[PDB]
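Working notes for the structure below.
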Amino acid sequence: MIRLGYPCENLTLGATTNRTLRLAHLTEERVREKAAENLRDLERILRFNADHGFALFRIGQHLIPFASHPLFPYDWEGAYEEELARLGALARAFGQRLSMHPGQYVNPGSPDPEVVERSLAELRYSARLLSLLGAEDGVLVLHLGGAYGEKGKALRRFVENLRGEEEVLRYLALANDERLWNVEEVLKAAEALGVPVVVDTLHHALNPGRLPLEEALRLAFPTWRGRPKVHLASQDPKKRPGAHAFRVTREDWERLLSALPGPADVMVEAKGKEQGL
Ligand SMILES: [Mn+2]
C-alpha cells in the first residue's frame with residue numbers, strides 16, 4: 001500500500017547531499033570537492049535505502065553547489081554526466097524514486113523579471129539533473145510562492161512563466177502550503193500547466209480550504225500518470241505553525257492511512273530523516 005522516503009540527508013550514516021559553500025568562495029576547486037562529497041553521499045544513501053525498505057529520496061538542491069548561478073565556474077553537466085548516469089542506474093536498479101524541492105526563493109510568479117529568470121534557472125538545473133540521472137518518474141516539487149500584493153495575478157504570472165519550460169514540466173508537480181495556497185487553489189494552477197499535485201498533509205491541516213484530507217487526496221490522486229506522491233509531517237508542539245517535528249506522530253500516520261483512496265508514495269518530512277517514522 002505504501003512506499004516511504006525522507007529528504008536530503010541521512011542521520012545514521014552522517015551522509016548529506018546538501019553541502020554548500022559561501023558565495024565568496026565559488027571557485028572550481030572548492031565546488032568540485034563539495035560536489036564530490038555530495039555525490040559520494042548520494043550513493044551511500046541509495047545503497048542504504050535499498051537495504052532498509054526505503055524507495056524514495058529527495059536530493060538536496062545543493063548537490064552541485066551554485067550550479068545555476070550566473071558565475072558557476074565550469075560545465076557541470078560535462079563534468080558530472082558520467083557519474084550521474086552511474087548514480088541513476090543504481091537508483092533504478094534499487095527501485096528508488098528520486099525528487100527535488102527548490103528553495104523558498106524560487107518563485108517564477110514574481111513581478112521581478114530578474115527573480116523569475118534566476119528561479120527558472122534553478123528549476124532548469126534541477127530538471128536537467130533528474131534527466132542526467134535518467135529518472136523517468138522523477139518529480140520536481142514546487143510551492144506557488146508569494147502573492148506579491150495579491151494572488152490571481154501572481155498565479156497568472158506563475159503559469160505563463162512555466163508554460164514554455166518543457167524539460168521542467170516533464171518533472172514538475174505542485175504542492176500546497178500553510179499560508180497562501182490550499183489544495184483547491186493548487187489543483188487549478190496544476191491543471192493549467194498539465195502537471196500533478198502533491199498534497200502536503202501538515203500544510204493541508206494548517207490551510208485546509210474547504211476540503212477534508214480524504215477529499216483533497218481523492219481529487220489530487222487522479223492528477224498522476226504514475227503513483228501519487230504525498231508529504232507527511234507533524235507539527236512541532238513547541239515551534240511556530242508549519243515547523244516540522246523530529247518524528248511523525250502515530251496519530252498523523254493514522255490520519256493519513258485512513259484518508260488514502262489508493263496506494264501512494266509518502267515522503268516523510270521530519271527533522272529525524274530516516275528515523276522520522
Ligand atoms: Mn511544512
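Scheme for the C-alpha cells: letters A, B, ... for chains in order shown; per-chain residue numbers from 1; ligand numbers from 1 in order shown.
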Residue contacts of residue 68 of chain A (7 Å, only C-alpha atoms) excluding same-chain residues fewer than 6 positions away, as JSON, numbers by chain: {"A": [121, 122, 125]}
Export of prior selection with C-alpha atoms as a PDB file, in the first residue's frame:
```
ATOM      1  CA  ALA A 121      17.469  28.762 -13.844  1.00  0.00           C
ATOM      2  CA  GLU A 122      17.257  26.832 -10.533  1.00  0.00           C
ATOM      3  CA  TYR A 125      19.214  22.949 -13.300  1.00  0.00           C
TER       4      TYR A 125
END
```
At most 12 Å from ligand 1 (only C-alpha atoms and all ligand atoms): residue list as a PyMOL selection string: chain A and resi 101+104+143+175-179+199-207+230-236+240-245+267-271
Please report as a Markdown table every residue of segment 135-165 of chain A lying within 10 Å of segment 42-62 of chain A, along with the nearest atom pair and their distance in Å (one decimal), using only C-alpha atoms.
```
| residue | atom | partner | partner_atom | distance |
| --- | --- | --- | --- | --- |
| A:138 | CA | A:58 | CA | 9.6 |
| A:139 | CA | A:58 | CA | 9.1 |
| A:140 | CA | A:58 | CA | 9.4 |
| A:141 | CA | A:58 | CA | 9.9 |
```
Residues as selected, N, CA, C and O atoms, written as an mmCIF file, in the first residue's frame, can you do that?
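Saved result, result.cif, follows:
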```cif
data_model
loop_
_atom_site.group_PDB
_atom_site.id
_atom_site.type_symbol
_atom_site.label_atom_id
_atom_site.label_comp_id
_atom_site.auth_asym_id
_atom_site.auth_seq_id
_atom_site.Cartn_x
_atom_site.Cartn_y
_atom_site.Cartn_z
ATOM 1 N N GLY A 138 10.883 10.766 -11.933
ATOM 2 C CA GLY A 138 11.413 11.777 -11.034
ATOM 3 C C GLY A 138 10.447 12.939 -10.934
ATOM 4 O O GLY A 138 9.772 13.265 -11.907
ATOM 5 N N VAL A 139 10.366 13.550 -9.755
ATOM 6 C CA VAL A 139 9.449 14.658 -9.504
ATOM 7 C C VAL A 139 10.204 15.920 -9.085
ATOM 8 O O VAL A 139 11.211 15.853 -8.396
ATOM 9 N N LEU A 140 9.702 17.072 -9.507
ATOM 10 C CA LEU A 140 10.268 18.361 -9.121
ATOM 11 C C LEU A 140 9.154 19.155 -8.444
ATOM 12 O O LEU A 140 8.256 19.658 -9.121
ATOM 13 N N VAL A 141 9.200 19.259 -7.115
ATOM 14 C CA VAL A 141 8.063 19.804 -6.358
ATOM 15 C C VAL A 141 8.191 21.299 -6.060
ATOM 16 O O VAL A 141 9.219 21.763 -5.568
#
```
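In terms of minimum interatomic distance to residue 156 of chain A, A:192 ranks closest within A:127, A:11, A:277, A:192, counting only C-alpha atoms.
When only C-alpha atoms are used to compute distances to residue 186 of chain A, the closest of the residues A:155, A:168, A:123, A:130 turns out to be A:155.
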Contact residues around residue 64 of chain A with only C-alpha atoms at 9 Å, ignoring same-chain residues under 5 positions, as a list in words: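 Near residue 64 of chain A, the qualifying residues are residues 17, 18, 19, 20, 31, 32, 34, 35, 36, 38, 39 and 76 of chain A.
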